[PDB]
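Using the authors' numbering, the first residue of the sequence shown is number 149, and each one after it goes up by one.
For each residue, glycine too, the CB sits at the ideal point set by N, CA and C.
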Amino acid sequence: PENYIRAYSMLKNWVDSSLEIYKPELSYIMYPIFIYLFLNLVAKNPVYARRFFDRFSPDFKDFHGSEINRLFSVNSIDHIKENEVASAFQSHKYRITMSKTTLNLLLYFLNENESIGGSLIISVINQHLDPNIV
Numbered sequence: 149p150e151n152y153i154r155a156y157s158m159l160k161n162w163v164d165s166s167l168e169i170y171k172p173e174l175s176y177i178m179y180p181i182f183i184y185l186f187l188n189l190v191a192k193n194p195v196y197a198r199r200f201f202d203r204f205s206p207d208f209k210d211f212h213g214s215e216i217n218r219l220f221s222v223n224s225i226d227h228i229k230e231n232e233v234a235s236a237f238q239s240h241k242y243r244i245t246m247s248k249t250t251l252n253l254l255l256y257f258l259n260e261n262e263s264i265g266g267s268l269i270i271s272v273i274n275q276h277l278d279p280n281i282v
């Protein structure tokens with residue numbers, strides 16, 4: 149709950165210092181992971197959801213600025229279904245394409261960090277992401 153910021157920060161830091169050969173695919177997965185963590189938090193604790201949103205959403209302004217700005221207004225469980233960008237996220241799993249080695253690199257790292265928030269991330273990937281493995 150009050151830990152989402154660390155779970156995601158841990159992931160983020162690992163991605164940021166990963167090998168350049170893996171970093172493009174790992175960065176792709178960051179965006180949906182951020183969004184689903186945020187939507188979950190809005191329902192649980194809007195104060196935390198806000199801080200979480202405002203800390204990490206600047207990372208996605210180049211490619212997803214439009215969707216980011218439409219999600220500022222999403223402050224409650226009611227505002228979730230109201231929002232068109234948020235509704236598009238919850239109604240279907242987010243499609244991503246990634247290497248086997250990358251998914252395994254990722255799942256191994258979250259596994260080794262389960263107690264720090266690894267489990268939470270794996271749970272978001274398992275239920276909100278639709279990986280096309282290549």
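Contact set for residue i: own chain, Cβ-Cβ below 8 Å, skip 5 residues either direction
i: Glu150; result: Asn193, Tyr196
Residues of its chain near residue i, where Cβ-Cβ distance is below 7 Å and the 5 sequence neighbours each way are ignored
i: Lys209; result: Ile216
i: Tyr179; result: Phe208, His212
i: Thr250; result: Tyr170, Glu173, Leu174
Residue i versus residue j - alpha carbon distance
i: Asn252; j: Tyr242; result: 19 Å
i: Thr245; j: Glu173; result: 8 Å
i: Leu189; j: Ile228; result: 11 Å
i: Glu260; j: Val272; result: 17 Å
i: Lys248; j: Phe257; result: 14 Å
i: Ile269; j: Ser165; result: 18 Å
i: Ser221; j: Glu230; result: 10 Å
Which of helix, strand or coil DSSP assigns to residue i
i: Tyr242; result: strand
i: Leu277; result: strand
i: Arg218; result: coil
i: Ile183; result: helix
i: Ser165; result: coil
i: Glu262; result: helix
i: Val190; result: helix
i: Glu173; result: helix
i: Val282; result: coil
Whether residue i touches residue j by CB criterion (8 Å)
i: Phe200; j: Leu185; result: yes
i: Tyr152; j: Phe182; result: no
Residue i, buried or exposed, once every other Cβ within 10 Å from all chains shown has been counted against 16
i: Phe237; result: buried
i: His276; result: buried
Distance cut-off 7 Å: residue i Cβ against heavy atoms of the ligand GDP
i: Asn259; result: Within the structure as shown, the ligand GDP is missing, as the structure has no ligands at all.
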